[PDB]
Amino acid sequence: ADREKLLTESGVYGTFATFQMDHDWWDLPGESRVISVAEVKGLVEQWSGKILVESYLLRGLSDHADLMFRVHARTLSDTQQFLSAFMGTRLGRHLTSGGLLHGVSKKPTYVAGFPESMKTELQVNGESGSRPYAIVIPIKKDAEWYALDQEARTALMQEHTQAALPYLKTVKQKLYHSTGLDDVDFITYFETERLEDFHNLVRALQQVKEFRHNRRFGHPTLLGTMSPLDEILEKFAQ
């Protein structure tokens, strides 16, 4: 019910955690693993009041990673507890952590200075689909970007928004402000049924003048499929 209270509202932290599965996990008998999966489900369900957790299968799409959590929380302290709890699970004890990025979502900064025609197009909701592809791209702006005045950056971001608009219907997007919580300024999240559209989306943004201000683009670029936690861990049950 309060699902969207975290996915859209501001002041909401957003955390990306990646995990890789150890070798010993398959030494466990199939029965012992199926049980282990249930412990996680409950931990998530027990935490379903304070946070929100969505899972993605990165195995075979992203290098050196199997599982990613997108955890929403009113405070990062709560996410700290959950991740510690998750890694304390018998399943989690057979997981080696592989990267962690936090980012708080905020109300738009440059959109207000856009054309009223452009503002409208942005209210085109996007792509709402079941089990879509998911992409995560961290970004760091160069010192030059921050030196610019508010009007200049606003105009640059209008050029940014303009090139992306014809992909709004097929590519969902969300932005996390990450500066000061790690080594990145932004975390970008995307959902798509057609990866070819998302690709064309990116080269289209390679055309704008904004791209040259990106000191860091990707590294790592997390690609994966979106699916309920049960089916992912089920694939780990064999």
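Residue numbers here begin at 1 and follow the sequence given.
Remark: stretch with higher mean C-alpha B factor among 17-25 and 214-222 is 17-25. In this entry, the higher average B-factor at the C-alpha atoms falls on 106-114, of the pair 106-114 and 136-144. Residue-level inspection of the entry shows that, of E191, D183, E39, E31, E31 has the top Cα B-factor. Note on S77, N125, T89, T161: the highest value goes to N125, judged by CA B factor as recorded. Per the deposited record, the Cα B-factor of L43 falls in the middle third when ranked against the other modelled residues of its chain. In the deposited entry, the Cα temperature factor of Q150 places it in the middle third of its chain's modelled residues. Among the modelled residues of its chain, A73 has a C-alpha B-factor that falls in the lowest third, as given in the PDB entry. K209 sits in the middle third of its chain by CA B factor, as recorded in the PDB entry.
For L165, the recorded CA temperature factor ranks within the highest third of the chain's modelled residues.
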